[PDB]
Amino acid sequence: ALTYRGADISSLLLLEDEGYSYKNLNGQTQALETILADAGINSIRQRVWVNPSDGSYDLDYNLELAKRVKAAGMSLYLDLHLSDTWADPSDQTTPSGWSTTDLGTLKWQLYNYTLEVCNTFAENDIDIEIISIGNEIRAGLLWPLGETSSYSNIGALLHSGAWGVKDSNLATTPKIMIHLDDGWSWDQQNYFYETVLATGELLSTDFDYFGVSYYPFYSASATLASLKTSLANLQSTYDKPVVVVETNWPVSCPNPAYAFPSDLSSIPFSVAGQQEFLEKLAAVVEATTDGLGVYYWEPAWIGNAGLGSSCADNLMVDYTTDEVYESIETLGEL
């Protein structure tokens, strides 16, 4: 079994606040987190935004959701976007109110923030298993100070955020993760780490885990073979565990924008395909030296089935009957 078998269900609260309820495999309505817990889901990943004008995914939101994830005995993985909105390689907008002109002030704000976030969970008696300083920061973070035109600045900011959590009041300090997208690409993974560490601004001892996103529908180049190699190299070169923190497989995809990787071309777009992909994906992770696990991204986001992809449906929940799919059980036994 995989050390971590999780899912990111950050949207749960906005959905429930909309009259959405889920039925388990037996047709009985039941708190999604409890359905997942019983199905074997290990941990839950939750995205955190700093100051969204509408409170979406802010700290209050995550505390509400994390109390329930704790209630069900699942571990917690906080995905800090260090932004007021969605952060990715194409957009790393510094939180409103934070500095876009002075790195000293910004390193300080980032340190106080990660520290306050952790201190707030400690106040509520909620442990945090994993915490990522940023989301998919391959193109850096907190622009313009953290643009990749300065891996030195990037290393300084990551170091600062890391120490905010190390210095927090959490009885136990959470595992610190650095998350990059395109996890199947070894050259990009390598280039990023080799570079930022060469600056000496970020130390090997500043973080514990490597986290990578892995999707099959954004490039035929994302074969399981490339991922297996990138995963094995990341681990052997830097000696840190590796986690696939985001992934999806469609139950339906009529017109994909890109061709699916060659070694994934045989898998069907159905619930069974989903089950088959996850197993093939867990095998590669399990076969990797320190492969800790996999997290499915937003399997229950009713209303956003495509989940941003060119495919029609990546959910693990029957969007019509609100009943979870059997693949929920597969994720729970990887």
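A residue's number is simply how far along the shown sequence it sits, counting from 1.
- When the two stretches 124-132 and 141-149 are set side by side, the higher mean Cα temperature factor goes to 124-132.
- On average the C-alpha atoms of 21-29 have higher B-factors than those of the other stretch, with 21-29 and 8-16 being the two compared.
- Highest CA B-factor among the listed residues (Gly293, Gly303, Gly273, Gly40): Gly40.
- Compared with the other modelled residues of the chain, the Cα B-factor recorded for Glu201 ranks in the middle third.
- The PDB entry assigns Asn51 a C-alpha temperature factor belonging to the highest third of its chain's modelled residues.
- Ranked against the other modelled residues of its chain, the C-alpha B-factor of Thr289 as given in the entry falls in the highest third.
- Looking at the C-alpha B-factors along this chain, the one for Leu315 belongs to the lowest third.
- When the CA B factors of the chain's modelled residues are split into thirds, the value for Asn62 lands in the middle one.
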